[PDB]
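Note that these values count all heavy atoms, side chains included, but never hydrogens, waters or copies made by symmetry. Just so we're on the same page: letters track the sequence lines, and every chain starts at 1.
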Amino acid sequence: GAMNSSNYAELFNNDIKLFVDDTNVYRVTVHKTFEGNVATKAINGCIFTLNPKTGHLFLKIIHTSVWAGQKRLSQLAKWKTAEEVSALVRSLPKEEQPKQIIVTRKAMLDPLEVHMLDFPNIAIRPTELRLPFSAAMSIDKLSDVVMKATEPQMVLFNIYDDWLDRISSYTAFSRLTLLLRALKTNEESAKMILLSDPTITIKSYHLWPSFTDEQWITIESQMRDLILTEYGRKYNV
Amino acid sequence: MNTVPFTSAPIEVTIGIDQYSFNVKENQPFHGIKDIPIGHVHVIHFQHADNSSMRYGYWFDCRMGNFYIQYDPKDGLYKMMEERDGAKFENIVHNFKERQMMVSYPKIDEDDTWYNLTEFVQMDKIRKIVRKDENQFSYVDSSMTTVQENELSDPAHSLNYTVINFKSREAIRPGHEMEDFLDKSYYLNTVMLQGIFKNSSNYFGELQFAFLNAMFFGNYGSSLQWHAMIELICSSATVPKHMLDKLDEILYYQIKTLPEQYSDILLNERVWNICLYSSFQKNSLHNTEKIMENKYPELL
């Protein structure tokens, strides 16, 4: 069944599950041609596959070459996503394969389902949550590795850095979705908040700054304030 | 012309023969239906005045034997039977006609309706879907479930229609996932037509049989099967031209014959809007599309 606010804590139990977000798989810029018509130019994209319990991120980089000479690209993007997810599962040892895969957009259900036919005991589920994983390209190190890629490539990260040494999966995922929510609503302010203080650095092997516990409290409060402000501005409340 | 006599009519029942039907009163002297056109399958079906649930009936072909109806008071329903005594059967039939206690199969000579609903239906295939090989005729009712329905309980009472499932290994060749899901031509022509049905006439025969069972008995799983077999064709980019032209004729008469007040449960909105307006074959069903629009524009 679908994932909503009710069955939220199921994400942090010991059944392996993966979120799949396809929003940044097919990315274009839109421009005018010499004759004045509109054209698109694709840029490199990525599939965002995340284990919410452990923070393991499987960032499958989608090179522009994959689109060459293909039609109905936005539709093709959904099937290439499902092909790549399926291959990822096949590549994992049996005890590491997920029992559920939760797609953030319902249009992925049929492609994934068809590509997972060989895994009848893996459940493909939609979600009613409005998750902010499209803002994954607002994380500088993820955007950088995608844009530099010259060939298809899988890059692994822990999207939680070392937070789980000190906090629970539940708290880690709430922090992650809050940071991305903010980055989505106002990338410039969000990034200002994260980087104002030059004395808090990002380890070479991390994505986010090495905030202390107390500093994370101030960050989370600043991100909250940002999101509510933007809401009043959007709706005049 | 052939005859199906009735021993008696002990309970008030609405009797149908093909697309025709008659109200018969409790212990009204009714003793059969005569002048039944040889050369097609037929169905005789029943709905008791006291139980407008459970419509039931028998598929038969008069060439295959001498058949008659008798009410069973233990099981509480009109049963079909075979009389093996040739002379004894002509004897009953002749006496009942002499006494004029039989209705005449009421065909209009201009009317090819029954022929067009049953063009490809053949008794030998019906008896494989309704397996009960000690009888030459086949019983069907409102409540019987299909083999596919059973997988998702008693298989002696099963409608063993051919299982069609668009999200199955059978339907989808490894490496052609997207291709085969968006364009079911493979599944239709190699798997189903060449593989399982052997030819289009058997495919059309099962499609028509499923429709008639949905129509005469409100058999829900038959309506699902009929729609599945339509969708498989309309969702295939590559279909023999003779199949498309015949499909349009088949569906035209099915839509023409359906009771107007039943279009809500018998017609799946999604399948019809997809076939007529979105599918590869959107343009290949001109007659079916004209009658759907002028008669059920609401469903669209």
With a cut-off of 6.0 Å (strictly less than), are more than 12 heavy atoms of other residues, nucleotides or ligands near [atom1] of [X]?
{"X": "B:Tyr277", "atom1": "OH", "result": "yes"}
{"X": "B:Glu298", "atom1": "CD", "result": "yes"}
{"X": "A:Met192", "atom1": "CE", "result": "no"}
{"X": "A:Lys99", "atom1": "NZ", "result": "yes"}
{"X": "A:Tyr170", "atom1": "OH", "result": "no"}
{"X": "A:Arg166", "atom1": "CZ", "result": "no"}

Is [X] reaching over with its side chain to a backbone N or O of [Y], donor-acceptor style, under 3.5 angstrom?
{"X": "B:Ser279", "Y": "B:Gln281", "answer": "yes"}
{"X": "B:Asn294", "Y": "B:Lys290", "answer": "yes"}
{"X": "A:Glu113", "Y": "B:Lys167", "answer": "no"}
{"X": "A:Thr33", "Y": "A:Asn37", "answer": "yes"}
{"X": "A:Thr229", "Y": "A:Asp225", "answer": "yes"}
{"X": "A:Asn24", "Y": "A:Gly45", "answer": "no"}
{"X": "B:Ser142", "Y": "B:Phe217", "answer": "yes"}
{"X": "A:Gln97", "Y": "A:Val89", "answer": "yes"}
{"X": "B:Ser235", "Y": "B:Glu231", "answer": "yes"}

Is [X] salt-bridged to [Y], going by a charged N under 4.0 Å from an acidic O?
{"X": "A:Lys203", "Y": "A:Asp161", "value": "no"}
{"X": "B:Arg169", "Y": "A:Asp118", "value": "yes"}
{"X": "B:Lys295", "Y": "B:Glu260", "value": "yes"}
{"X": "A:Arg105", "Y": "A:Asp22", "value": "yes"}

Do any pairs count as a salt bridge (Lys or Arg N to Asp or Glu O under 4.0 Å) and have a residue in residues 134-156 of chain A, sequence neighbours left out, and if so which ones?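 Output for this query lists A:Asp140-A:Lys191.
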I'd like to know whether B:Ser185 forms a side chain to side chain donor-acceptor pair (under 3.5 Å) with B:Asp183, so could you lay out the CA-CA distance, the side-chain angles of the two residues, the decisive distance to 0.1 Å, and finally the verdict. CA-CA 6 Å; B:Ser185 289; B:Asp183 169 11; 2.7 Å; yes
Does one side chain, of [X] or [Y], offer a donor that lies under 3.5 Å from an acceptor on the other?
{"X": "B:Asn189", "Y": "B:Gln194", "value": "no"}
{"X": "B:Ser222", "Y": "B:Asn219", "value": "yes"}
{"X": "A:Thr171", "Y": "A:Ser168", "value": "yes"}
{"X": "A:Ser134", "Y": "A:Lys184", "value": "yes"}
{"X": "A:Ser65", "Y": "A:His63", "value": "yes"}

Which atom pairs, one a donor and one an acceptor, fall under 3.5 Å between side chains of residues 123-130 of chain A and the rest of the protein, sequence neighbours left out?
{"from": "A:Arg125", "atom 1": "NE", "to": "A:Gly1", "atom 2": "O", "distance (Å)": "2.7"}
{"from": "A:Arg125", "atom 1": "NH1", "to": "A:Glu10", "atom 2": "OE1", "distance (Å)": "3.3"}
{"from": "A:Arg125", "atom 1": "NH1", "to": "A:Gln100", "atom 2": "OE1", "distance (Å)": "2.6"}
{"from": "A:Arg125", "atom 1": "NH2", "to": "A:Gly1", "atom 2": "O", "distance (Å)": "3.1"}
{"from": "A:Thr127", "atom 1": "OG1", "to": "A:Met3", "atom 2": "O", "distance (Å)": "3.0"}
{"from": "A:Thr127", "atom 1": "OG1", "to": "A:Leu129", "atom 2": "N", "distance (Å)": "3.2"}

Under the ring pair (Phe, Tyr, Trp, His ring centres under 6.0 Å) rule, collect the residues that match up with A:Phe173, sequence neighbours excluded.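 Scan of A:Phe173 (ring pair (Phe, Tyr, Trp, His ring centres under 6.0 Å), adjacent residues dropped) gives A:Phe12, A:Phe19.
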For B:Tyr220, what residues pass the ring pair (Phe, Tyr, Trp, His ring centres under 6.0 Å) criterion, not counting sequence neighbours?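 B:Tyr220 satisfies ring pair (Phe, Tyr, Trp, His ring centres under 6.0 Å) with no residue once adjacent residues are dropped.
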Does B:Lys184 count as lying over the ring of B:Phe181, i.e. NZ or CZ under 6.0 Å from the six-ring centre, within 45 degrees of the axis?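 Judged by the rule, B:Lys184 and B:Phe181 form a cation-pi pair.
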Taking the six-membered ring of B:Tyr186, is the NZ or CZ of B:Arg173 close enough (under 6.0 Å from the centre) and on axis enough (within 45°)?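 Here B:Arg173 passes the 6.0 Å and 45° test against B:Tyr186.
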Identify the two heavy atoms, one from A:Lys17 and one from A:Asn13, that lie closest to each other, and give their separation to 0.1 Å.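 What the structure gives for the nearest pair is NZ-OD1, 2.8 Å.
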Is there a side-chain contact between B:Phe166 and B:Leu232 in this structure, where contact means two heavy atoms from C-beta onward sitting under 4.5 Å apart?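 They are in side-chain contact.
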Close side-chain approach of A:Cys46 and A:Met137, heavy atoms under 4.5 Å: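 In contact.
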Counting only pairs under 3.5 Å, give me each side-chain donor-acceptor contact of residues 70-80 of chain A, with atom names and distances, residues two or more places apart or in other chains.
{"from": "A:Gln70", "atom 1": "NE2", "to": "A:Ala68", "atom 2": "O", "distance (Å)": "2.8"}
{"from": "A:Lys80", "atom 1": "NZ", "to": "A:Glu84", "atom 2": "OE2", "distance (Å)": "3.0"}

For A:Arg181, give me all partners under salt bridge (charged side-chain N to carboxylate O under 4.0 Å, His left out), at least two apart in sequence or on another chain.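 A:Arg181: no salt bridge (charged side-chain N to carboxylate O under 4.0 Å, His left out) contacts found.
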When rounded to the nearest 0.5 angstrom, what distance separates [atom1] in [X] from [atom2] in [Y]?
{"X": "B:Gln254", "Y": "B:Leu247", "atom1": "CD", "atom2": "CG", "result": "8.5 Å"}
{"X": "B:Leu244", "Y": "B:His286", "atom1": "CG", "atom2": "NE2", "result": "10.5 Å"}
{"X": "A:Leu57", "Y": "A:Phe157", "atom1": "CG", "atom2": "CZ", "result": "7.0 Å"}
{"X": "B:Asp248", "Y": "B:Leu251", "atom1": "CG", "atom2": "CG", "result": "7.0 Å"}

Test side chain to side chain donor-acceptor pair (under 3.5 Å) applied to B:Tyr161 and B:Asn213, step by step: CA-CA 12 Å; B:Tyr161 295 121; B:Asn213 281 327; 3.3 Å; yes
